[PDB]
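An overview of the molecular structure
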Amino acid sequence: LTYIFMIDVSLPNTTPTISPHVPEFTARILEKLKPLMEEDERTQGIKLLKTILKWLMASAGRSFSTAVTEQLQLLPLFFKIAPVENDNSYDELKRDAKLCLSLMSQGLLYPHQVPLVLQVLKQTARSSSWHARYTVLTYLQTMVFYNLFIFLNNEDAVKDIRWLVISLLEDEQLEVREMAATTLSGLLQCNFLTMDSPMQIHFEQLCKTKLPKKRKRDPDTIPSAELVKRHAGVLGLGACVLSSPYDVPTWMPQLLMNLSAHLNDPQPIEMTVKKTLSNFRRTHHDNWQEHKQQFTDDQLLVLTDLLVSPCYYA
Amino acid sequence: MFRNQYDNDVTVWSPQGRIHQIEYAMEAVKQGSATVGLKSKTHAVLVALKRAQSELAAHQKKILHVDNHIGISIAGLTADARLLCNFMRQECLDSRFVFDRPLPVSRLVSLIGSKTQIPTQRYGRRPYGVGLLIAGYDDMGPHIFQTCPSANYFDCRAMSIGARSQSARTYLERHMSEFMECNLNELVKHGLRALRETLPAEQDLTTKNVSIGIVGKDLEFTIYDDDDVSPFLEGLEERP
Amino acid sequence: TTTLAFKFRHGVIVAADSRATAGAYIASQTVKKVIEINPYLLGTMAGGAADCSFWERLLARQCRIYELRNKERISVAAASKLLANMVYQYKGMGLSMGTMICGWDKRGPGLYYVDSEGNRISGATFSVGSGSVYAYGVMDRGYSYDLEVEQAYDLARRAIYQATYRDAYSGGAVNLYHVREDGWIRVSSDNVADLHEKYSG
Amino acid sequence: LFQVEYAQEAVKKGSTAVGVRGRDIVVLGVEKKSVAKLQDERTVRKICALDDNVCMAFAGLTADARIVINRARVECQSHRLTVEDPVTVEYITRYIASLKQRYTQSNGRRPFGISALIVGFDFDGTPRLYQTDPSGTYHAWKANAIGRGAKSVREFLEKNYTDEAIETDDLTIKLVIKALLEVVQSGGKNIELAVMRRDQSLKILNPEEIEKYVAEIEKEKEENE
Amino acid sequence: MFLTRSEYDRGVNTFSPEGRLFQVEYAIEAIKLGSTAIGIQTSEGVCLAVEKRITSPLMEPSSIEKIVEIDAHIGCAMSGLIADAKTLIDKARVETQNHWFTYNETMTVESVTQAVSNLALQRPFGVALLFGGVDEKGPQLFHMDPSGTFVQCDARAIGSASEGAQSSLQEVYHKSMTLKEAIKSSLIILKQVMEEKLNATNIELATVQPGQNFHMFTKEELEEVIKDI
Amino acid sequence: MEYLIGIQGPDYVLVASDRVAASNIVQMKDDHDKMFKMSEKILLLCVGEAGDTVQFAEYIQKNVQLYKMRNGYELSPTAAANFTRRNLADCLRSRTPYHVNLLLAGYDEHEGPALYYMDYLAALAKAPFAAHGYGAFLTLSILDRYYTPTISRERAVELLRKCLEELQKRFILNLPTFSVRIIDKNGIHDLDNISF
């Protein structure tokens, strides 16, 4: 299939070839694949999915023009199916899917492509599947670190991706929240996305939420609106402080004091902040004489007097 | 950037005449939850702040019975702790078996010192990264013994270990004169207030997170968990 | 000691006296000389009471371990062999054990005899103990594969009763067990006086 | 875990083998790779009988397979001794898997480098099929494949395995042949078959014996058209 | 997620200056990759559930067991590959039978998990266990971390997304919860984390009660259950 | 005591064993089998102290089956005999000596039938005919009388029956039944048990 569609190309001053054209084929594929994205039809859809997935991973490194606009429409379906971890029990359709996502994400995009791919990423992110949201975050992570300069040249892209990362930072599910925080830490670390007063006040507001402190003794099976907001706020602060592992900026001490405030907050906020602080402590220890000078004495003693150890300690 | 050649292993002396690994392991006990030990003339207590991974989680067992007349409160690594507890329990049992006698606390801490010191000098065996408060009553009287991964041990009127032990140390050294003539309930109250000194303002001592271990001349070492600690807790005045 | 066991169509029977004697003196008249290895097996006590008890309890241990690991109840033959190996490890050291391992297995009803001497044998009928001879007589006279269940119970009671009547070191109460394909039971335990009162007329 | 990946790649390279489970029969097939002009084919087996009631097929490194096979044989006999009963296929599988996760004497390639199909009949008489992995995970299957191209075979086995296919024992054999035939293009002597045939010891098929079965399915392939 | 690394990590038996053992902490981090499982402790009894993750239809479903029986009164669940656990499982079984042989009494779940942690010391060992059984005290659930530390939990989840399930467990759980209500609850959690339609093949459920021994729900029983929700 | 007997022919070996196993005064089992099948064409007989017979026979049986599984061809009877002799001799001066008396009879495709004799001391000798037990003292003279190197198997059966008749007539211990088997190039083949 790759060798079939290779002759069709987007090279400059190329006439439309008479050879087979990839968009019509992807259109046929998507049209047959709509039900997956009857019971018997579902299985045929899965088999077709397997074949086209193999085609995608084959055409990842070969095609002259990667990421044809039609084939991006398959990414929602590839996203929801793909697993959130690496394991052999998954029956290997999901393993192939994960490989395909990683490979396609490690691919150049034209400037005209990135608004389209970001629109797709926004569409799948509002999808229900928490697996899907985790996958879009990590795909976004690597797909941004590659062609970061394209994304950087496009300001609307930076705006949309910022909005999406912060939006998913507040999602109900803890895994996607922590993943969003990690993506944010990376985006900040590379400086593709830069924190400022808006991010800081947004996270401070979300953290500054009073917990209900009540429950129904006599009788949702879902978490709640308060604690998720608290968690997202502290997650924002954690992504910020982890943005700079080997150096401390001027705002980091204040952020650290604000984290130390929530150390006794109820779970999951406690586990999150403890992990972030432990990571800060291990990373910044190398040049702590240089780092401490930025800090005040009260900040320093407060940070020294922190119980961030894991459960197995004690 | 500032990688240090000489902290790789415990057997390595630095040019500054220090064992960085031992110092670091002594740094580890502070990772644990705070615990307070103090004594009157005829009583000795161990007051600990147990903590949980989750609300559903029940709580970790900081206080332990080595014997009828000896108890401990662990800080640092619980594995190293359980090893030490088994060793000490066996030693006390051996002493009762052989001599029909309770083991002296000074003797027990000395044995712990030897056992802990051994890894420090051997390659490939990391130090016991645990700090203990050893409390018991013997013929001499009540005792409070601190031990560290360094294998040094001390005798104290009172001591606190773990995270934020320093504030409790300050209160304790302020009121150490009072503790000696104190009755049992007052001594427990002092320990509770000292443990409160370490707590953040948001946190407050509760039945669940507090564990009291107490020994006396006519009283075996006991542990009070949640309800058993409530009478001692209720009397304590509100924090400033 | 008098214990016996026989296989018949419906299942396996195990009968034993309750007397336990050190020398002439009877220490205990109420001893349960049949050991509940597990709900699907039985053991029988003879010779050294303590030896048989300990080694049979350890057999139960190994059988439960096997049950959990393999998720299958162990074969009676396997248990008899395992016990034989354990005792043979100690052969010549003064152990006195004789026992009858009774269970139902995939093969069928199983009866195996095991001795400290090292003998391991399967049999339709067996007896072991001081009065075993006297038991063998009556049971061999009365036995068939086609016995009715109550007839088997009565036959066992006759055997144990007469063996007690002859033998000094046997006595007390007959304790009677039936191993069924589902599992074992205690059918009844009767004191020798009631038996004599029954048979006398 | 890192050695496991190398071991899994090694068994991936190895010769294909399959096993099937049937009511009164179990069949084991392994493709006989060409050796050379001058080598003698006797020494290479790719099939081993751990006991009368157990048979094994391995894929991967031959020497490690030899070691495993010997250790399992001696274990089978010792278990027969201690228990007086034939060894269970699950048991010997548990041992071979358990042998993988002791190690080499040096601990080098702690996974020995074979995933093997263990097939046999229980003492009660129920057929069993299992496999092992270098990792040590072991499973049971109605049918399975190992070695090169096993995944493609599993798809063929997934659809082909049926009550109708297993209803006839000779058909139970023929299904294995078709599985190998997809795996190996020789369409002939490059194959080795072994059958347990409940209550009797393993009988390796003769080259003529396999040949007629191959012809029968080849005819049945003809008949469909 | 760029490379974050420090000099002090990668050392097996080296304390970092903070005092942390980072190599083993990372090793614990990997052990949590296993399949998700949930255990609910109630007055009525203990409910354990886990996702099967079978590859193929040909595989015998019973062949892979993510729940096991240490003793008649005990059940245990593990996350990750069974092979790492098998040693601990064997130790638990043999220990409880030592207890029975020696003391003619049933070993408490606290004692059993304690003895397994006593094995675990005497490597990180790469398994998380969730012991659940009934005892004289009552139904109990003990979580043994791959660290080797063991604690009683009213409810607990282990595996790929134990934390996400745990937060759900916090909201739903209460002391008055019945085992039946817990079962329906626990299935709801597995449905969410799995994001797949629950069926008899993709999960295994087991329970322990005071009245009965460890009973693993047969396929028919699981069908009746999931149909209810 | 238990009675064993072996008769070697040109193309066959004939063996019998009494099938009674007993306690001191009483015979518990009237159908005990003292014949152990090491291989397809080889039979091991054992009599002696309780337990030792069984353990030793089983060990030898398993090692032989192991040789078969490992190498793909059964052992020669001579070889199995020498292997048994080695093990028993090693055990003699060990802490645990097995007290057993053996007959190893088997047929080889190359070397044909053979009959071996081994005492508890583990000395080995190949003989045309042999026996163990107290009854051997009685029946060896019968064998010496009516033996020929060229006996037809039916004639061997008749001879064996005469020997057992001598046992029933004279030998104090009741030996009601003797199980009989014949070794051939075809293999081991059972026969109707001679009984009285």
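Procedures and definitions
Summary of conventions: residues on each chain are numbered from 1 in written sequence order, possibly unlike the entry numbering, and any residue without coordinates is omitted from what is shown. Each chain is given a letter, starting from A, and each ligand a number, starting from 1, according to the order in which they appear as written. Note that these chains sit within a larger assembly, yet all values were taken from the shown part only. Remark: hydrogens and water are excluded; side-chain values derive from all non-hydrogen atoms of the structure. Residues with missing side-chain atoms are left out of burial classes, side-chain pairs and their counts. Numbering of helices and strands starts at the N terminus; helices are DSSP runs of H or I of at least 4 residues and strands are runs of E of at least 2. Every radius of gyration here is taken over C-alpha atoms, with the globule rule written as 2.2 Å times N^0.38, N being the number of residues. Aromatic rings from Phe, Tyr and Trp, taking only the six-membered ring of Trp, are treated as a pair when their centres fall within 6.5 Å; an angle between ring planes under 30 degrees marks them as stacked, one over 60 as edge-to-face, and anything in between as tilted. Sitting over a ring, as applied to charges here, requires NZ of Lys or CZ of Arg to be within 6 Å of the ring centre and within 35 degrees of the ring normal. Paired strands are those between which DSSP finds at least two bridges. For helices, the axis comes from a line fit to the C-alpha atoms of the stretch in contact; other axes are also lines fit to C-alpha atoms, and the angle between any two N-to-C directions lies between 0 and 180 degrees. We call two residues contacting when some pair of their heavy atoms lies within 4.5 Å. To sort the angles, those under 35 degrees are grouped as roughly parallel, those over 145 as roughly antiparallel, those from 65 to 115 as roughly perpendicular, and the leftovers as oblique. By convention the crossing between two helices is left-handed if the near helix lies anticlockwise of the far one by an angle smaller than a right angle, and right-handed if it lies clockwise. Residues are grouped as follows: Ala, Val, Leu, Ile, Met, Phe, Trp, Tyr, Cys and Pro are nonpolar; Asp, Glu, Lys and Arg are charged; all remaining types, including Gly, are polar. Just to be clear on terms, a salt bridge is a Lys or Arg side-chain nitrogen sitting within 4 Å of an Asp or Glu carboxyl oxygen. Polar contact is the term for a pair of N or O atoms within 3.5 Å; when the atoms are in protein, one must be able to donate a hydrogen and the other to accept it, and sequence-neighboring residues count only if both atoms are side-chain atoms.

Determination of this PDB entry was carried out by cryo-EM to a resolution of 3.2 Å, according to the record.

As recorded by the PDB entry, chain F carries the name Proteasome subunit beta type-2 and is attributed to Homo sapiens. Per the header of the deposited record, the title is "Human PA200-20S proteasome complex".

Looking at the PDB entry, one finds chain E named Proteasome subunit alpha type-5, with Homo sapiens as its source organism.

What to know about the overall build of chain F
Helix and strand counts for chain F come out as four helices and 13 strands. In terms of overall size, chain F behaves like a compact globule, its C-alpha atoms giving a radius of gyration of 16 Å where 196 residues would be expected to give roughly 16 Å. C-alpha extents for chain F along the principal axes are approximately 45 × 40 × 25 Å.

With respect to the overall build of chain E
A count of helices and strands for chain E gives six helices and 10 strands. In terms of overall size, chain E behaves like a compact globule, its C-alpha atoms giving a radius of gyration of 18 Å where 229 residues would be expected to give roughly 17 Å. Taken over the C-alpha atoms alone, chain E extends approximately 55 × 50 × 40 Å along its principal axes.

Looking at the packing of aromatic side chains
Where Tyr161(C) meets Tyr165(C), the ring centres are 6.2 Å apart and the plane angle is 10 degrees; that geometry is what we call stacked. Pair noted here: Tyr161(C) and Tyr165(C) are both in helix α4 (residues 149-166), with a separation of four residues, about one helical turn. Here a set of aromatic residues connected by ring pairs shows up, and it is made of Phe54(C), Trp55(C), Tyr90(C) and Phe101(E). Between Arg101(B) and the ring centre of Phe99(B), over which it is positioned, the NZ or CZ distance is 5.1 Å. Directly above the aromatic system of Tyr213(D) lies the positively charged group of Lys212(D), at a separation of 3.4 Å from the ring centroid.

Let's talk about the sheet that holds strand β6 (residues 139-144) of chain E
Residues and elements named next belong to chain E. If you trace the five strands from one edge of the open sheet to the other, you get β3-β4-β5-β6-β7, paired in antiparallel fashion. Edge positions in the open sheet fall to β3 (67-71) and β7 (150-152), since each of these has one partner strand only. Averaged over all pairs of adjacent strands, the angle between strand axes in this sheet comes to 25 degrees, irrespective of strand direction. Relative to β6, strand β5 (residues 128-134) is paired through six bridges, and the arrangement is antiparallel. Paired with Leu 129 across the strands is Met 144, a residue of β6.

Section: the pairing of strand β5 (residues 114-121) of chain D
All names here are of chain D. For strand β4 (residues 54-60) and β5, the ladder comprises seven bridges, and the chain directions are antiparallel. Its bridge partner being in β5, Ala 59 is matched across the sheet by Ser 115. As judged from the five bridges shared by β5 and strand β6 (residues 127-132), these two strands associate in the antiparallel manner. Its bridge partner lying in β6, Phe 121 is registered against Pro 127. If you look at the hairpin formed by β5 and β6, you'll find five residues sitting between the two strands, and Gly 125 has a positive phi there, around 115 degrees.

Considering the environment of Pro149(F)
For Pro149(F), the location among the structural elements is in the loop between α3 (134-146) and α4 (153-170). With sequence-adjacent residues up to four places away left out, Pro149(F) is seen in contact with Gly9(F) and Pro10(F).

Regarding the packing of helix α2 (residues 78-99) of chain B against helix α3 (residues 105-121) of chain B
All names here are of chain B. Remark: α2 packs on α3, axes separated minimally by 11 Å, with the N-to-C direction vectors making an angle of 135 degrees. One element, α2, and the other, α3, form an angle in the oblique class. For the element pair α2 and α3, the recorded crossing hand is right-handed. When α2 is examined against α3, the residues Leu 84, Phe 87, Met 88, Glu 91 and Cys 92 are found in contact with a partner set consisting of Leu 108, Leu 111, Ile 112, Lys 115 and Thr 116. Grouping the amino acids of the contact of α2 with α3 by side-chain chemistry returns seven nonpolar, one polar and two charged.

Some words on the sheet that holds strand β3 (residues 63-65) of chain B
Adjacent strands of a sheet form backbone hydrogen bonds with each other and so pair up, either parallel or antiparallel. All names here are of chain B. Strand order in the open sheet formed by five strands is β3-β4-β5-β6-β7, with antiparallel pairing between adjacent strands. Pairing within the sheet leaves two strands with one partner each, and these edge strands are β3 and β7 (153-155). Going from strand to strand, the sheet's axes swing by 25 degrees on average, the running direction of each strand aside. Examined bridge by bridge, strand β6 (residues 142-147) and β7 share three bridges and lie antiparallel to one another.

So, the pattern of salt bridges
Note that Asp67(B) and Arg96(B) form a salt bridge whose closest N and O atoms lie 2.9 Å from each other. Of this pair, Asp67(B) sits in the loop between β3 and β4 (70-76) while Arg96(B) sits in helix α2, placing them 29 residues apart in sequence. Here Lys174(D) makes a salt bridge to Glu216(D), at a shortest N to O gap of 3.5 Å. Here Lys174(D) is found in helix α6 (residues 169-183), whereas its partner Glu216(D) is found in helix α7 (residues 207-224), with 42 residues between them in sequence.

As for the packing of helix α2 (residues 22-33) of chain A against helix α3 (residues 39-58) of chain A
Residue and element names in this part refer to chain A. Where α2 meets α3, the axes come as close as 10 Å, and the angle between the chain directions of the two elements is 150 degrees. Taken together, the axes of α2 and α3 are roughly antiparallel relative to one another. Seen from above, α2 lies across α3 with left-handed handedness. On α3, the residues touching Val 22, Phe 25, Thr 26, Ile 29, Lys 32 and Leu 33 of α2 are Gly 45, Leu 48, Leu 49, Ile 52 and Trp 55. For the contact of α2 with α3, a count of residues per class yields eight nonpolar, two polar and one charged.

Remarks on the side chain of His73(E)
All names here are of chain E. Following the sequence through the fold, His 73 ends up in the loop between β3 and β4 (74-79). A distance of 2.7 Å separates a polar atom in the side chain of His 73 from the backbone oxygen of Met 107. Ignoring sequence-local partners within four residues, the contact set of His 73 consists of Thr 96, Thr 106, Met 107, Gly 133, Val 134 and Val 208.

What to know about the interface of chain E and chain A
At the junction of the two partners, chain E supplies 34 residues and chain A supplies 27 residues. Contributions of two or more residues to the side of chain E that touches chain A are made by α1 (22-31), α4 (162-172) and α5 (179-194) of chain E. Here the element with the most residues in the side of chain E that touches chain A is α4(E); it accounts for five residues. Its residues assigned to classes, the side of chain E that touches chain A comprises 15 nonpolar, 10 polar and nine charged.

So, the pairing of strand β11 (residues 173-179) of chain C
Residue and element names in this part refer to chain C. In the sheet, strand β2 (residues 11-16) pairs with β11 via five bridges, with the strands oriented antiparallel. Paired with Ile 13 across the two strands is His 178, which belongs to β11. The antiparallel pairing of β11 with strand β12 (residues 184-191) creates a hairpin that spans four residues between the two strands.

A word on the arrangement of the chains
For the nine pairs of chains in contact, the largest share of contacts goes to chains A and E. For chain A and chain C, which are not in contact, the least C-alpha distance works out to 24 Å.

Some words on the environment of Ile183(E)
Its location among the elements puts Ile183(E) in helix α5. If we ignore the near neighbours within four places in the chain, the residues touching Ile183(E) are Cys47(E), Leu205(E), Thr207(E) and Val225(E).

Focus: unusual backbone geometry
For the peptide bond that leads from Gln267(A) to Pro268(A), omega is 5 degrees, which places it in the cis range. Mapped onto the fold, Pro268(A) is located in the loop between α13 (252-261) and α14 (269-284). The backbone of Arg53(E) sits at a positive phi, close to 60 degrees, despite the residue not being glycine. Here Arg53(E) is to be found in the loop between β2 (46-51) and β3.

Section: the side chain of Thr283(A)
All names here are of chain A. Looking at where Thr 283 falls in the secondary structure, it is placed in helix α14. Engagement of the side chain of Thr 283 in a polar contact is seen with the backbone oxygen of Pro 245, the distance being 3.2 Å. A polar contact is formed between the side chain of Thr 283 and the backbone oxygen of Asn 279, at a distance of 2.8 Å.

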